[PDB]
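Each remark here refers to the structure printed beneath this line.
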Amino acid sequence: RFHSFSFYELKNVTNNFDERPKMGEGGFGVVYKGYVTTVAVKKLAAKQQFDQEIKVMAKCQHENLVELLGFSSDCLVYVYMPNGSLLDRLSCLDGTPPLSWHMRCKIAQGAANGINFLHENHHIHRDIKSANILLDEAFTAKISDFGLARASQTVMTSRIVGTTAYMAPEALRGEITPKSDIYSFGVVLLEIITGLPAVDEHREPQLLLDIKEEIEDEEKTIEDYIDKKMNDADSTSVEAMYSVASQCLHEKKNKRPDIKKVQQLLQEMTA
Ligand SMILES: CC(C)Oc1ccccc1C(N)=O
């Protein structure tokens, strides 16, 4: 099933859970680098989201989803993603070189295959964002964080969860539908095209999704928003990716395409 690791082996291999530049700062825990094979150890800090992560990972094994190796209770242990998150790579955090348009196209396709796998197997992610799209040694896109995921119809919740800058209008109201995951993917595609984060408190507009309306009101074009840190982008493929993002970002959930359509469209873009 999964490996059951001792707490003290994990404590050891992560230098007694050291937090010096530690890899990531997750929602309900800290991600540490370990050696057992190089691994990622998510030590949870202030319960239900632990069991949900194990349950989802046991059923969901795919090329575009992070692999859970095991757990601990005396901690969640995953395969090491050497190239970190898409967010970090888009911002060139710690001096990493900008991702080329070619790489970005492969990442978008990979992410859409991971989401397709989830929805195929009736799971709603509920927090699709570039920080939750990890990158391996070949820069393969792997969807992460399944602690808030839901085994799916259309339902409502009292505890509204996600990241506001990526959330769909109905998600922000408490609806649980895979249609919300599509909206959030559309925001990620805008981040890939522009190199801009979904929210920037010191930017006009603060929310990236507001650029779709600027483009639509014939004010500006997507060409003016293309990430300048690329030399291999072409109008045809950028416009094609933008067209997919635009469809994903329809305010009315029922007008959005399903993940299968998104997957088809992203493939046609490199055909
Ligand atoms: C799935 C999460 C917990 O894994 C990570 C999170 C953040 C940064 C790297 C990794 C990794 N796997 O290397």
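Here, A, B, ... name the chains of the structure tokens in the order displayed, residue numbers run from 1 inside each chain, and ligands are numbered from 1 in the same displayed order.
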
Practice item. Could I get the residue neighbourhood of ligand 1 at 7 Å, counting only C-alpha atoms and all ligand atoms, as a VMD selection string? Key: chain A and resid 23 to 24 31 39 to 42 66 78 to 82 84 to 85 134 144 to 145

Which stretch 59-166 of chain A residues have any atom within 10 Å of an atom of stretch 200-216 of chain A, and for each, what is the nearest pair of atoms with distance in Å to one decimal, counting only C-alpha atoms, rows sorted by chain and number, as CSV?
```
residue,atom,partner,partner_atom,distance
A:164,CA,A:207,CA,9.6
A:165,CA,A:207,CA,6.4
A:166,CA,A:209,CA,8.3
```

Exercise for review: Determine, counting only C-alpha atoms, which protein, DNA and RNA residues have an atom within 12 Å of an atom of residue A:190; residues of the same chain fewer than 6 positions away are not included. Present the result as a ChimeraX atom specification.
Suggested key: /A:87,90,104,108,129-130,165-166,183-184,196-199,207-212,222,225-227,238-249

Can you pull out every residue within 12 Å of stretch 69-75 of chain A, counting only C-alpha atoms, but drop anything in the same chain fewer than 4 positions away, and send it as an mmCIF file with N, CA, C and O atoms, in the first residue's frame?
```cif
data_model
loop_
_atom_site.group_PDB
_atom_site.id
_atom_site.type_symbol
_atom_site.label_atom_id
_atom_site.label_comp_id
_atom_site.auth_asym_id
_atom_site.auth_seq_id
_atom_site.Cartn_x
_atom_site.Cartn_y
_atom_site.Cartn_z
ATOM 1 N N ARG A 1 0.839 -1.194 0.000
ATOM 2 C CA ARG A 1 0.000 0.000 0.000
ATOM 3 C C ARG A 1 0.888 1.263 0.000
ATOM 4 O O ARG A 1 1.034 1.921 -1.034
ATOM 5 N N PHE A 2 1.480 1.577 1.169
ATOM 6 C CA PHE A 2 2.390 2.689 1.431
ATOM 7 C C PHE A 2 3.301 2.275 2.561
ATOM 8 O O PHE A 2 2.899 1.486 3.417
ATOM 9 N N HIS A 3 4.505 2.843 2.598
ATOM 10 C CA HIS A 3 5.472 2.582 3.649
ATOM 11 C C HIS A 3 5.060 3.291 4.949
ATOM 12 O O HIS A 3 4.581 4.421 4.917
ATOM 13 N N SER A 4 5.207 2.608 6.087
ATOM 14 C CA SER A 4 4.920 3.170 7.405
ATOM 15 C C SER A 4 6.289 3.422 8.043
ATOM 16 O O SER A 4 6.999 2.467 8.376
ATOM 17 N N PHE A 5 6.709 4.701 8.082
ATOM 18 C CA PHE A 5 8.018 5.139 8.592
ATOM 19 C C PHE A 5 7.951 5.468 10.070
ATOM 20 O O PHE A 5 6.910 5.945 10.543
ATOM 21 N N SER A 6 9.072 5.280 10.794
ATOM 22 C CA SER A 6 9.119 5.659 12.205
ATOM 23 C C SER A 6 9.362 7.166 12.271
ATOM 24 O O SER A 6 10.042 7.716 11.401
ATOM 25 N N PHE A 7 8.774 7.833 13.276
ATOM 26 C CA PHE A 7 8.896 9.277 13.464
ATOM 27 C C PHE A 7 10.348 9.731 13.573
ATOM 28 O O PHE A 7 10.721 10.739 12.979
ATOM 29 N N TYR A 8 11.151 8.976 14.340
ATOM 30 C CA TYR A 8 12.552 9.256 14.643
ATOM 31 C C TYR A 8 13.465 9.057 13.449
ATOM 32 O O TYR A 8 14.482 9.742 13.374
ATOM 33 N N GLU A 9 13.081 8.197 12.475
ATOM 34 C CA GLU A 9 13.856 8.054 11.236
ATOM 35 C C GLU A 9 13.645 9.343 10.452
ATOM 36 O O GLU A 9 14.615 9.919 9.958
ATOM 37 N N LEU A 10 12.385 9.825 10.402
ATOM 38 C CA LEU A 10 12.052 11.055 9.695
ATOM 39 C C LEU A 10 12.680 12.260 10.362
ATOM 40 O O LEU A 10 13.301 13.054 9.669
ATOM 41 N N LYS A 11 12.580 12.356 11.709
ATOM 42 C CA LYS A 11 13.192 13.412 12.519
ATOM 43 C C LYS A 11 14.691 13.497 12.152
ATOM 44 O O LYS A 11 15.137 14.540 11.676
ATOM 45 N N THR A 14 15.779 14.549 8.345
ATOM 46 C CA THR A 14 15.376 15.955 8.142
ATOM 47 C C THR A 14 16.084 16.904 9.140
ATOM 48 O O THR A 14 15.626 18.035 9.337
ATOM 49 N N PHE A 17 13.945 18.138 12.048
ATOM 50 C CA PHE A 17 12.980 19.033 11.413
ATOM 51 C C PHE A 17 13.467 20.496 11.424
ATOM 52 O O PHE A 17 12.804 21.377 11.987
ATOM 53 N N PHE A 28 -1.232 23.563 6.359
ATOM 54 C CA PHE A 28 -1.321 22.980 7.690
ATOM 55 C C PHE A 28 -0.045 22.233 8.103
ATOM 56 O O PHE A 28 -0.112 21.299 8.903
ATOM 57 N N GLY A 29 1.100 22.667 7.577
ATOM 58 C CA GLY A 29 2.388 22.062 7.892
ATOM 59 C C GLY A 29 3.583 22.655 7.180
ATOM 60 O O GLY A 29 3.449 23.583 6.380
ATOM 61 N N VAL A 30 4.769 22.120 7.492
ATOM 62 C CA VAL A 30 6.048 22.524 6.907
ATOM 63 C C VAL A 30 6.616 21.320 6.125
ATOM 64 O O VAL A 30 6.516 20.189 6.606
ATOM 65 N N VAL A 31 7.168 21.565 4.916
ATOM 66 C CA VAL A 31 7.752 20.526 4.057
ATOM 67 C C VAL A 31 9.272 20.565 4.218
ATOM 68 O O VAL A 31 9.888 21.610 3.999
ATOM 69 N N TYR A 32 9.856 19.425 4.635
ATOM 70 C CA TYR A 32 11.281 19.238 4.897
ATOM 71 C C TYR A 32 11.895 18.303 3.879
ATOM 72 O O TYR A 32 11.220 17.395 3.396
ATOM 73 N N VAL A 36 16.352 8.933 2.580
ATOM 74 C CA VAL A 36 16.066 7.547 2.980
ATOM 75 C C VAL A 36 16.369 6.558 1.838
ATOM 76 O O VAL A 36 17.432 5.934 1.808
ATOM 77 N N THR A 37 17.674 7.612 -1.442
ATOM 78 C CA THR A 37 16.502 8.286 -2.011
ATOM 79 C C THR A 37 16.204 9.625 -1.329
ATOM 80 O O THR A 37 16.138 9.690 -0.101
ATOM 81 N N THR A 38 16.038 10.692 -2.126
ATOM 82 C CA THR A 38 15.704 12.017 -1.597
ATOM 83 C C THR A 38 14.174 12.132 -1.526
ATOM 84 O O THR A 38 13.475 11.729 -2.469
ATOM 85 N N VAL A 39 13.658 12.586 -0.357
ATOM 86 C CA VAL A 39 12.218 12.670 -0.087
ATOM 87 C C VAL A 39 11.773 14.040 0.432
ATOM 88 O O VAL A 39 12.602 14.881 0.780
ATOM 89 N N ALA A 40 10.443 14.235 0.498
ATOM 90 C CA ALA A 40 9.774 15.407 1.039
ATOM 91 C C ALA A 40 8.947 14.912 2.215
ATOM 92 O O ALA A 40 8.184 13.950 2.079
ATOM 93 N N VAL A 41 9.161 15.515 3.391
ATOM 94 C CA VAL A 41 8.466 15.138 4.623
ATOM 95 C C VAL A 41 7.624 16.324 5.049
ATOM 96 O O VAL A 41 8.166 17.378 5.368
ATOM 97 N N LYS A 42 6.304 16.169 4.992
ATOM 98 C CA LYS A 42 5.377 17.202 5.415
ATOM 99 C C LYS A 42 4.979 16.861 6.848
ATOM 100 O O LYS A 42 4.271 15.875 7.065
ATOM 101 N N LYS A 43 5.510 17.617 7.832
ATOM 102 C CA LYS A 43 5.183 17.428 9.248
ATOM 103 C C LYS A 43 4.044 18.397 9.539
ATOM 104 O O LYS A 43 4.202 19.610 9.369
ATOM 105 N N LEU A 44 2.875 17.856 9.890
ATOM 106 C CA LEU A 44 1.678 18.657 10.136
ATOM 107 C C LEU A 44 1.699 19.366 11.489
ATOM 108 O O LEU A 44 2.065 18.762 12.503
ATOM 109 N N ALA A 45 1.325 20.666 11.482
ATOM 110 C CA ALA A 45 1.307 21.545 12.652
ATOM 111 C C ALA A 45 0.102 22.478 12.658
ATOM 112 O O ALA A 45 -0.415 22.819 11.590
ATOM 113 N N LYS A 47 -5.351 17.025 11.077
ATOM 114 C CA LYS A 47 -5.808 15.743 11.602
ATOM 115 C C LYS A 47 -6.710 15.017 10.599
ATOM 116 O O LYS A 47 -6.343 13.939 10.133
ATOM 117 N N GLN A 49 -7.504 16.081 7.552
ATOM 118 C CA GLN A 49 -6.845 16.349 6.272
ATOM 119 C C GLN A 49 -5.694 15.373 5.994
ATOM 120 O O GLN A 49 -5.306 15.216 4.836
ATOM 121 N N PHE A 50 -5.170 14.708 7.059
ATOM 122 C CA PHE A 50 -4.103 13.694 7.014
ATOM 123 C C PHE A 50 -4.682 12.405 6.418
ATOM 124 O O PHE A 50 -4.148 11.905 5.421
ATOM 125 N N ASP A 51 -5.803 11.904 7.004
ATOM 126 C CA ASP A 51 -6.515 10.702 6.562
ATOM 127 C C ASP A 51 -7.060 10.851 5.140
ATOM 128 O O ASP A 51 -7.016 9.884 4.376
ATOM 129 N N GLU A 53 -5.775 12.863 2.733
ATOM 130 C CA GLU A 53 -4.595 12.839 1.870
ATOM 131 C C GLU A 53 -4.196 11.386 1.573
ATOM 132 O O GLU A 53 -4.015 11.060 0.406
ATOM 133 N N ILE A 54 -4.119 10.510 2.617
ATOM 134 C CA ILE A 54 -3.790 9.081 2.489
ATOM 135 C C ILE A 54 -4.828 8.360 1.619
ATOM 136 O O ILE A 54 -4.440 7.665 0.677
ATOM 137 N N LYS A 55 -6.136 8.559 1.917
ATOM 138 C CA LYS A 55 -7.266 7.966 1.185
ATOM 139 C C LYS A 55 -7.272 8.326 -0.308
ATOM 140 O O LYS A 55 -7.489 7.440 -1.137
ATOM 141 N N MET A 57 -4.571 9.597 -2.146
ATOM 142 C CA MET A 57 -3.308 9.109 -2.718
ATOM 143 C C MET A 57 -3.272 7.605 -2.951
ATOM 144 O O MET A 57 -2.561 7.156 -3.852
ATOM 145 N N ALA A 58 -4.008 6.830 -2.130
ATOM 146 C CA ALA A 58 -4.094 5.375 -2.258
ATOM 147 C C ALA A 58 -4.826 5.011 -3.539
ATOM 148 O O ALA A 58 -4.400 4.104 -4.256
ATOM 149 N N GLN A 61 -3.078 7.279 -8.450
ATOM 150 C CA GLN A 61 -1.695 7.136 -8.898
ATOM 151 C C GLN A 61 -1.653 7.454 -10.396
ATOM 152 O O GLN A 61 -2.309 6.785 -11.202
ATOM 153 N N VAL A 79 7.596 11.796 -2.931
ATOM 154 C CA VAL A 79 8.727 11.773 -3.859
ATOM 155 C C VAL A 79 9.239 13.229 -3.968
ATOM 156 O O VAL A 79 8.439 14.167 -4.049
ATOM 157 N N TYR A 80 10.565 13.409 -3.917
ATOM 158 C CA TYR A 80 11.181 14.729 -3.998
ATOM 159 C C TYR A 80 10.993 15.362 -5.378
ATOM 160 O O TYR A 80 11.279 14.718 -6.389
#
```

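Across A:15, A:231, A:152, A:83, the tightest approach to residue A:123 is made by A:152 when counting only C-alpha atoms.
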
Exercise for review: as a PyMOL selection string, list the residues of stretch 88-202 of chain A assigned to alpha helix (DSSP H) by DSSP on the backbone atoms of this structure.
Suggested key: chain A and resi 88-90+101-120+179-194

Review point. Within 7 Å of residue A:111, counting only C-alpha atoms, which residues qualify if same-chain residues fewer than 3 places away don't, as a list in words?
Key: residues 64, 107, 108, 114, 115, 141, 142 and 143 of chain A

**Study point:** strand (DSSP E) positions in stretch 72-268 of chain A, given as a VMD selection string
**Key:** chain A and resid 76 to 79 123 to 124 133 to 135 141 to 143 150 to 151 155 to 156 175 to 176

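The coordinates place atom CA of residue A:221 at 25.8 Å from atom CA of residue A:258.
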
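If you measure from each of A:192, A:182, A:259, A:56 to residue A:102 using only C-alpha atoms, the closest one turns out to be A:192.
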
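Of the listed residues (A:251, A:109, A:67, A:131), A:131 comes nearest to residue A:191; the distances count only C-alpha atoms.
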
Within 8 Å of stretch 171-180 of chain A: each stretch 192-263 of chain A residue with its shortest pair, only C-alpha atoms, as JSON lines:
```
{"residue": "A:253", "atom": "CA", "partner": "A:179", "partner_atom": "CA", "distance": 5.8}
{"residue": "A:254", "atom": "CA", "partner": "A:179", "partner_atom": "CA", "distance": 7.6}
{"residue": "A:256", "atom": "CA", "partner": "A:179", "partner_atom": "CA", "distance": 7.2}
{"residue": "A:258", "atom": "CA", "partner": "A:179", "partner_atom": "CA", "distance": 7.2}
```

If you keep N, CA and C atoms, can you produce a file of those selected residues as a compact mmCIF listing (two decimals), in the first residue's frame?
```
# COMPACT_ATOMS: atom_id res chain seq x y z
N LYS A 253 -20.57 28.70 -14.40
CA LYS A 253 -20.01 27.35 -14.29
C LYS A 253 -20.39 26.38 -15.41
N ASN A 254 -21.66 26.40 -15.84
CA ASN A 254 -22.20 25.52 -16.88
C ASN A 254 -21.70 25.87 -18.31
N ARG A 256 -18.47 26.81 -18.89
CA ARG A 256 -17.06 26.43 -18.91
C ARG A 256 -16.89 25.07 -19.63
N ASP A 258 -15.43 21.10 -20.00
CA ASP A 258 -15.01 20.08 -19.03
C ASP A 258 -13.49 19.89 -19.21
```

Practice item. Name the residues in contact with residue A:121 at a cut-off of 8 Å, using only C-alpha atoms, excluding same-chain residues fewer than 3 positions from it; report them as a PyMOL selection string. Key: chain A and resi 60+117-118

Exercise for review: Could you give me, as JSON, numbers by chain, the residues within 9 Å of residue A:52, counting only C-alpha atoms and dropping anything in the same chain fewer than 4 positions from it?
Suggested key: {"A": [48, 56, 57, 146, 147, 148, 149, 150]}

Pull C-alpha atoms from the residues just selected and write them as a compact mmCIF listing (two decimals), in the first residue's frame.
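So the final result, stored in selection-v4.txt, reads:
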```txt
# COMPACT_ATOMS: atom_id res chain seq x y z
CA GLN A 48 -8.85 15.05 9.30
CA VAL A 56 -6.99 10.10 -2.03
CA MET A 57 -3.31 9.11 -2.72
CA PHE A 146 -5.31 16.60 -1.65
CA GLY A 147 -6.17 17.25 2.05
CA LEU A 148 -9.25 19.34 1.10
CA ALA A 149 -10.23 17.17 -1.95
CA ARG A 150 -13.81 15.85 -2.32
```
